[PDB]
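**Q** Line by line, the protein sequences are chains A and B. Letter by letter, the first sequence follows residues 1 to 210 in UniProt numbering. Letter by letter, the second sequence follows residues 2 to 210 in UniProt numbering. No residue lacks a Cβ here, since even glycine has one placed at the ideal position from N, Cα and C.
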Amino acid sequence: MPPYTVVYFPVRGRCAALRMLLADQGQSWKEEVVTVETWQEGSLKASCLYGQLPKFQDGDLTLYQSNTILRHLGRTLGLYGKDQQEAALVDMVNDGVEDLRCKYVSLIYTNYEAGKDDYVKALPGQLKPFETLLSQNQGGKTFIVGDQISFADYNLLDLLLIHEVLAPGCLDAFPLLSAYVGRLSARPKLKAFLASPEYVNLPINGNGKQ
Amino acid sequence: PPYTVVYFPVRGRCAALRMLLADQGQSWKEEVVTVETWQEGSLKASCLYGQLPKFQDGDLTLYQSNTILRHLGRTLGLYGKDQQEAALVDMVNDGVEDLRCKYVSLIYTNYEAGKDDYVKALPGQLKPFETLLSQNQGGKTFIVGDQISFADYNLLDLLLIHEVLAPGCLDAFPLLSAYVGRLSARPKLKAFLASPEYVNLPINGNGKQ
Ligand SMILES: N[C@@H](CCC(=O)N[C@@H](CS[C@@H]1c2ccccc2-c2ccccc2[C@H]1O)C(=O)NCC(=O)O)C(=O)O
Ligand SMILES: N[C@@H](CCC(=O)N[C@@H](CS[C@@H]1c2ccccc2-c2ccccc2[C@H]1O)C(=O)NCC(=O)O)C(=O)O
């Protein structure tokens with residue numbers, strides 16, 4: 001059986017970037033799907049350390065927290081920069097991706113109809129930093145840090161794909177980010193994974209707003 | 002000082018990294034930013050995400066408080082003994098970061114209206130950390146393994162600011178109560194917690210706590 005198991009709701013949500021990573025790296029994992037019905041029963045929730053999913057198992061190591069799982073796969077699969085400085089910059093990127101992710105989630109779950117217009121107007125300023133980091137790394141021709149893919153590329157890639165669904169063309173003002181998403185999306189194992197039913201057939205978020 | 006910390010004259014998101022630097026006997030310079038300078042706009046526009054803290058380690062410039070904790074954890078050896086412990090140190094820190102956002106949100110947007118409900122809900126938010134301790138040698142050492150990690154300093158900060166918000170909130174948690182007492186007593190840390198640069202700084206920017 002594969003050493004990896006992902007336990008989560010049948011949505012892309014906080015597991016889309018970790019699944020893209022495993023698929024692009026050629027690793028197998030098993031999905032254990034939890035329906036909203038099983039979750040309301042209550043017993044699996046009370047068993048989760050912070051009362052939430054995802055849950056991930058690597059052999060007998062059980063982890064919670066989506067970013068902990070990305071960093072763990074980052075360090076075991078050698079996707080964490082080539083030295084100490086790169087690793088610090090990969091973290092700095094992931095943390096800026098997590099802050100925009102939090103704001104995204106908050107909109108979808110609490111203010112979609114009344115805040116979409118204001119969130120969209122303010123998007124370009126939130127996206128500029130990643131355009132700027134790409135500008136300074138080999139003129140935006142490789143990955144977000146150094147010249148080897150890292151876990152933060154998969155998380156940043158997912159964050160841009162969902163915003164392009166929320167605000168179509170929102171990357172039009174950003175040439176390096178635009179080429180970056182097309183370059184990454186065409187990696188053979190990732191392209192195949194992104195066109196497969198296992199990915200396309202799951203909603204982005206749990207309430208079906210996107 | 003290979004180190005420079007740039008931030009407002011408040012504890013906030015720099016309390017845990019200063020605790021770490023002080024406890025590990027490291028030297029650093031504070032570059033204090035007042036709300037008058039901040040509002041002028043120069044520095045902020047040069048800030049990658051438009052926010053502080055900003056930290057310099059020789060010619061390395063970093064932003065993001067958890068990035069800075071991680072960097073100091075990796076470089077000073079406070080990231081667990083191996084890959085499995087590093088993953089658990091991360092899991093703890095992320096849990097601290099989740100509760101710190103809720104805390105931060107109580108302070109900046111719903112203090113007078115949302116404080117009673119927040120305090121009523123707190124015991125449920127502190128249980129996970131009581132549980133993690135109980136699983137590591139019965140909660141007698143640190144949050145993960147037998148060595149201190151960068152997540153211990155962040156959890157310590159988070160527990161100390163809640164004792165301020167809701168006095169006696171750890172009375173129901175023996176392992177967490179003990180843990181604050183034992184960590185607060187490390188010599189270089191105890192000195193720092195009693196110094197004016199720590200004691201005379203407000204916790205938050207709006208002066209609410
Ligand atoms: N810090 C954690 C956050 C984890 C998290 O937010 N988990 C959500 C689902 S992700 C996400 C979501 C976010 C906010 C609110 C609801 C959900 C949700 C609910 C059902 C199905 C899918 C989702 C996802 O959209 C959850 O477990 N909720 C169930 C519960 O807490 O009782 C991580 O990064 O791993
Ligand atoms: N993910 C980032 C968050 C950084 C952050 O929130 N920085 C705040 C100050 S911390 C914190 C704070 C949190 C929320 C709201 C205000 C503040 C604040 C304002 C002034 C002085 C001090 C603070 C702190 O309380 C900031 O720079 N805000 C000013 C600005 O953007 O213009 C990190 O972890 O480093």
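(1) At a Cβ threshold of 8 Å, is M1 (chain A) touching chain B?
(2) Looking at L123 (chain B): is its Cβ nearer than 8 Å to the Cβ of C48 (chain B)?
(3) What would DSSP say about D158 (chain A), mapped onto helix, strand or coil?
(4) Mind reading off the beta-carbon distance from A152 (chain B) to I144 (chain B)? Whole number of angstroms is fine, and I expect it under 8 Å.
(5) Starting from the C-beta of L160 (chain A), find all residues in its chain whose C-beta is less than 7 Å away, skip the five residues before and the five after it, and write them out in chain order.
(6) Can you give me the Cβ contacts of residue 234 (chain A) inside the same chain, cut-off strictly under 7 Å, excluding the 5 residues immediately before and after it?
(7) For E131 (chain A) and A173 (chain A), I'd like the C-alpha separation in whole angstroms.
(8) Locate the beta strand (DSSP E) running through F143 (chain B), then write down its first and last residues.
(9) Could you check where the alpha helix (DSSP H) with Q40 (chain A) kicks off and where it finishes?
(10) Residues in its own chain within less than 6 Å of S106 (chain A) by CB, not counting five upstream and five downstream?
(11) Give me every residue whose Cβ sits closer than 5 Å to any heavy atom of ligand 1, in chain order.
(12) For a contact defined as C-beta to C-beta under 8 Å, what are the partners of residue 217 (chain A) on chain B?
(13) Nearest chain A C-beta to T68 (chain B) closer than 8 Å, yes or no?
(14) I need the straight-line Cα distance from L63 (chain B) to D58 (chain A), nearest angstrom please.
(15) Quick check: is any heavy atom of ligand 2 less than 7 Å from the C-beta of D95 (chain A)?
(16) Measuring from the CB of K45 (chain B), is there a heavy atom of ligand 2 at a distance below 7 Å?
(17) So residue 211 (chain B) and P54 (chain B) are in contact, right, with Cβ under 8 Å, and what is the actual spacing, rounded?
(18) At the level of alpha carbons, what is the spacing between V90 (chain B) and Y80 (chain B)?
(19) Just to check, is the beta-carbon of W29 (chain B) closer than 7 Å to a non-hydrogen atom of ligand 2?
(20) Taking only beta carbons into account, state which residues of the stretch 29 to 59 of chain A come closer than 7 Å to chain B, listed in chain order.
(21) Taking its Cβ as the centre, do 16 or more other Cβ atoms sit within 10 Å of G74 (chain B), making it buried, or is it exposed?
(22) Note down, in chain order, each residue of its chain lying with its Cβ closer than 8 Å to the Cβ of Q210 (chain A), except the 5 sequence neighbours on either side.
(23) Using only the alpha-carbon positions, how far apart do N207 (chain B) and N111 (chain B) sit?
(24) Determine the DSSP secondary structure at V6 (chain A), reduced to helix, strand or coil.
(25) List the whole-angstrom C-beta distance separating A17 (chain A) from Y104 (chain A), where the pair is believed to meet the contact cut-off of C-beta under 8 Å.
(26) Measuring only from the beta carbon, is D99 (chain A) closer than 7 Å to any heavy atom that is part of ligand 2?
(27) Give me the chain B residues within the contact set of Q136 (chain A), using Cβ-Cβ distance strictly less than 7 Å, ordered along the chain.
(28) Is there a C-beta anywhere in chain B that falls below 8 Å from the one on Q25 (chain A)?
(29) Confirm the yes/no value for this check: CB of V36 (chain B), any heavy atom of ligand 2, distance under 7 Å.
(30) Would you check if the distance between the CB atom of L156 (chain B) and the CB atom of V200 (chain B) is smaller than 8 Å?
(31) Check whether the Cβ of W39 (chain B) sits closer than 7 Å to any heavy atom of ligand 2, and report yes or no.
(32) Using a Cβ-Cβ cut-off of 8 Å, state whether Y109 (chain A) counts as contacting chain B.
(33) Starting from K209 (chain B), follow its DSSP beta bridges and name the residues at the other end.
(34) What I want to know is whether the C-beta of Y154 (chain B) ends up closer than 7 Å to one or more non-hydrogen atoms of ligand 2.
(35) Pop quiz: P129 (chain B) and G96 (chain B) are said to be a contact at Cβ under 8 Å. What is the actual Cβ separation, rounded to whole angstroms?
(36) Leaving aside the five residues before and after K30 (chain A) along the sequence, list all residues of the same chain whose C-beta is less than 8 Å from its C-beta, in chain order.
**A** Reading from the atomic positions:
(1) no
(2) no
(3) helix
(4) Distance from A152 (chain B) to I144 (chain B) at the Cβ level is roughly 6 Å; contact confirmed, criterion being Cβ atoms closer than 8 Å.
(5) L171, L177, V181
(6) The requested residue 234 (chain A) does not occur in the structure, where chain A is confined to residues 1 to 210.
(7) One C-alpha to the other measures close to 10 Å.
(8) Unbroken run through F143 (chain B): none, as it is neither H nor E.
(9) Here the alpha helix (DSSP H) through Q40 (chain A) covers 36 to 41.
(10) none
(11) A:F9, A:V11, A:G13, A:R14, A:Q52, A:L53, A:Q65, A:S66, A:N205, A:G206
(12) Since the first residue of chain A shown is 1 and the last is 210, residue 217 (chain A) is not available in this structure.
(13) Interface annotation, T68 (chain B): in contact with chain A, CB-CB separation under 8 Å.
(14) 31 Å
(15) Taken from the Cβ of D95 (chain A), at least one heavy atom of ligand 2 lies inside 7 Å.
(16) Closer than 7 Å to some heavy atom of ligand 2: that describes the Cβ of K45 (chain B).
(17) Residue 211 (chain B) falls outside the range modelled here, since chain B spans only 2 to 210, and no answer is possible.
(18) 7 Å
(19) no
(20) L49, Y50
(21) Label assigned to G74 (chain B): buried.
(22) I108, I162, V165, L166, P203, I204
(23) About 12 Å.
(24) strand
(25) That pair is no contact at about 13 Å.
(26) yes
(27) Neighbours of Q136 (chain A) on chain B: none; closest Cβ ~11 Å, over 7 Å.
(28) no
(29) yes
(30) Their beta carbons are not under 8 Å apart, which means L156 (chain B) does not touch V200 (chain B) by this criterion.
(31) Yes, ligand 2 has a heavy atom inside 7 Å of this Cβ.
(32) no
(33) Under DSSP, no beta-bridge partner is assigned to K209 (chain B).
(34) no
(35) 6 Å
(36) Hits under 8 Å: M1, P2, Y4, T5, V6.
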